[PDB]
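Just so it is clear, none of the values below were taken in a lab; they were calculated from the coordinates. No Cβ is skipped: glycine too gets one built from the backbone with ideal geometry, and neighbour counts run over all protein chains shown.
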């Protein structure tokens, strides 16, 4: 489980790994979040499964890193917390 | 023969009053107010003029003095309604539709600056729909360059016919004095809030159950769009009216009941005006495709 | 085709001049003035512009320069009169009736702000009969919201016909610059005092023999009265004309020459303007009963 | 029915834009600009707003955002020209003749004070040809009393027809807020400099070859002269066109092209604007004798 | 002699007594004025006799105390310095 | 050597002497100008020849003193640095 700090400053304090959804769809599962960290500030929580960045779909930490290597202005994670859909936003 | 505003100000000035407040170490404060109902003595004023008062007095511009009682108050919109005890020979203002205003219309501000007494100043409407000043929970301000100073809060903003178009609330001042940037609450929202306070004694806020942020061109360049004004939807709370209606995250609200939105705080204030149980129309754009949605309001 | 103030300002601006004062560490001061007699070169200005001058110079807006002498002055009303040596090709102002002014009339201020040169600004008449600023002995000011700054003292306040309605005399501001609250001496008092100075060289001040306080809505509640504005007489000095008339301690002054009195300061200033030996009629209120009392003034 | 500036403002407002600048500790600045060519996206702005930018962005009043590139600048006159990258559906302003302006004309200032957004204020023209403020090398300012604050530089000053008459440049403020004294570059100078920047990329300044000082009532009182406004010439640089024309030291310059000169700075700016190689008419006053002199301008 | 501060804080600095006028009318003769006291600042002087509070007549210190126990918004003292009538505002 | 300080302080630091022009006309040749003195600030230079005060024509240091005893408003000197001619 690579620490999310190295990928981007905004995800400091979040533990990300390559996991699975309830239905088998691939996604990146959030393992542990530091209280007060920017990940906690943005709304990331335990056992969240991110699905897509903007109009994309990320199935691995490497895929997310390749997407983020271009360093876009803003990030929006379609995320998955519970059986519904929420967007997030940080710079 | 010479043009002037004197003929119309003669019939209107008696409706604007001065509000004197004492309370607590004791304090004394001064503000303005507008007579809304002459028979029942209802006075519209600002909420921070009255906040910590134990005694409230009203003074007419001819010298008469009355005692007042607080009927209701709105801290989010900063609007208070007082009642005059034993009213006698009062004059009331007429209210204009502030949805028909435009930038460039002429305006008159009547108030009580620095405790000097009743004063009228003149200017134009500089802007509409101003918000984001981190002043109140609700901001849909009219901007004007009529001179507005300390003691003017609660007073009247009028057009050339002498009809109410705003309630003076705030100024932007680098050094504690007027530089020509003043803000007013539009009269439609103020009238609706005053009627709710009269009818029920407190406000019933309706909520959409949608959490979202301001739309911009930066986001439009991230979702391949053309619209740069509106509200961006991010969270749909469970079981709300919009959740039942089918509104999902990632969408953009453009028009409310067919009226295009220029801000997200604009939509917030418009929804806060609406009473719960009403059905509203949302013009939506999801994945670049437009739609029309009917929504039932909740209760806050 | 387009509306403008230029056609009437083209004829009036030569009458407003700049006043330069050198005195004594020495100081150099700046103000304005208005030419009222073109053949004799009489110039009306403020008293605190000329207060401790050792030499006075006058500049026209075309560049010509003159030396000036003080004919007389009045400290209580803050009015001074100068005469130009060897005048030639001058323009004079016409004086309007300031008793016909109303709140909402349009006004133009002409002066010399910050030593820049001749400058015109525009506004409305905000209020009438203002006092209590503790500036001079007599205060019956016109309150206007034209931009008025340092160097505008002594200068002109005009109506849309180009006639003088006031002499700019003061301002209120936390930061030292205009916020839209300026004060002017009305033209009737200034004209009367200037005529007195021309004719005799000193002011002729009349008094009533009444010492009293300002009537409020509180004193009208302790004697069970109705009118809340006027003057409350508490001392009638022995041997005065008012004593011969029959004014006693405790009554209320309501009208001067039939015109209702807005304040006690207005009564004081209007009495001080009037010439000793004149006869006035006072509308008196005693024990809830109205009366009319004829009083002959004495000399100060 | 009611008079307003709204009908004419609705057509001109899209042509005034806000200018956001990022530069270098990193800094962000804000100002305004005017669209003078819609097909090419040419934007007139102030030089000190754009000074140390690394990136420039233009934002329209409907929300669209564009990138801009500097075309040219003029530090003495403080005028900058930008081009919009990839323009689409723009509105442009119409320019008026600023040599026909008079004191008392009505004016509207459109800008972006304190970063709030597009704002309009109203006033009159207070003075013409102001200078001596020691802000730029060449000053021939229009003075106005519309409210102009921080963020207004580069924006529009318009007449009642919606035609450009000036570019807002500076203010005089004791405490960092507007007190009613603002300055604008006249539109004739601005349009000439803009054409020069478009055609050549830099300004071609012409000079006379004369060193002199301002005329006053004191110098004229020593040479027994009547005039008191104009230019007093003290040195004629050898080899110049003026020396070839015969202009000597001690002469008084009265009129340029038959139009009266009110100061040395007006003559300086008017000569600087005129293109090199052009011929000009000088009204000379030497030993009290008038002369007409033809001068051919050189290159600076 | 009676203390005037106990009657009201306004009349601090006045020495009082039940007195009589020149024509025999009963009043409140001022006997000592403290310099700098509120009584001196208001304008009370020696030998002054108060024949009124607001719209009433006070015949003794007790009656004035009874009227002032209501604590009115202001006080209006007829006094009688000289063979005349001077009002006061408290 | 006539010091210019008590003649007029505006010419302080300028050494004055009765001389003649290149054609033999009379005037005052400025022998020395002290750097930072009021004369240098006003524009006086070494070897300058003042040949006029305001409109009047002057010839000697005594004539300078007699003219400037009245203390006029402004003195517009003519002077003649090189073969050309105000301060």
Restricted to chain B, the DSSP antiparallel beta bridge percent, nearest 5, is 95
By the Cα gyration tensor axes a ≥ b ≥ c (a/c under 1.5 gives rounded; else a/b larger than b/c gives prolate, otherwise oblate), the shape of chain A is rounded
Relative contact order in percent for chain A (Cα pairs under 8 Å, 6+ apart) equals 23
In this structure, the FRET efficiency calculated for residue A:46 and residue A:89 from their beta-carbon separation, with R0 = 30 Å, to the nearest 0.05, is 0.90
Each label sits 7 Å from Cα toward the beta-carbon; between residue F:62 and residue C:248 the label points are separated, in nm, by 9.3
At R0 = 25 Å the Cβ-Cβ FRET efficiency linking residue B:38 and residue B:199, nearest 0.05, sits at 0.85
Averaged over residues of B:119-131, the number of beta carbons from other chains lying within 10 Å of each residue's Cβ is 5
With a ≥ b ≥ c from the Cα gyration tensor eigenvalues, square-rooted, and the rule rounded for a/c under 1.5, otherwise prolate when a/b > b/c and oblate otherwise, region D:98-185 is oblate
The extension gain from residue B:289 to residue B:226, computed as 0.36 nm times the residue separation minus the Cα-Cα distance, is 21.5 nm
Relative contact order as a percentage, region D:247-300, C-alpha pairs under 8 Å and 6+ apart, gives 38
Expressed as a whole number, the average count of other chain Cβ atoms within 10 Å around the Cβ atoms of F:77-85 is 2
So, with points 7 Å from each Cα along the Cβ direction, the residue B:88-residue E:23 label distance in nm works out to 3.6
Per residue of D:101-110, other chain Cβ atoms within 10 Å number on average 5
Most exposed first, judged by fewest Cβ atoms within 10 angstrom, F:86, C:42 run F:86, C:42
By the Cα gyration tensor axes a ≥ b ≥ c (a/c under 1.5 gives rounded; else a/b larger than b/c gives prolate, otherwise oblate), the shape of the protein assembly as shown is oblate
Rounded to whole angstrom, the alpha-carbon centroid of region A:1-45 lies from that of region E:34-73 at a distance of 82
Neighbour-count ranking for E:49, D:12, C:43 (other C-beta within 10 angstrom, fewest to most) reads E:49, D:12, C:43
Calculated from DSSP helices alone, with each H run of at least 4 adding -39500 (n - 2.57) and the total divided by the residues of the protein assembly as shown, [θ]222 nm to the nearest 500 comes to -4000 deg cm²/dmol
Per-residue Cβ contact counts at 10 Å, fewest first, order D:285, D:70, C:225 as D:70, C:225, D:285
Once normalised by the length of region C:206-299, the mean sequence separation of its alpha carbon contacts under 8 Å that are 6 or more apart gives a contact order in percent of 31
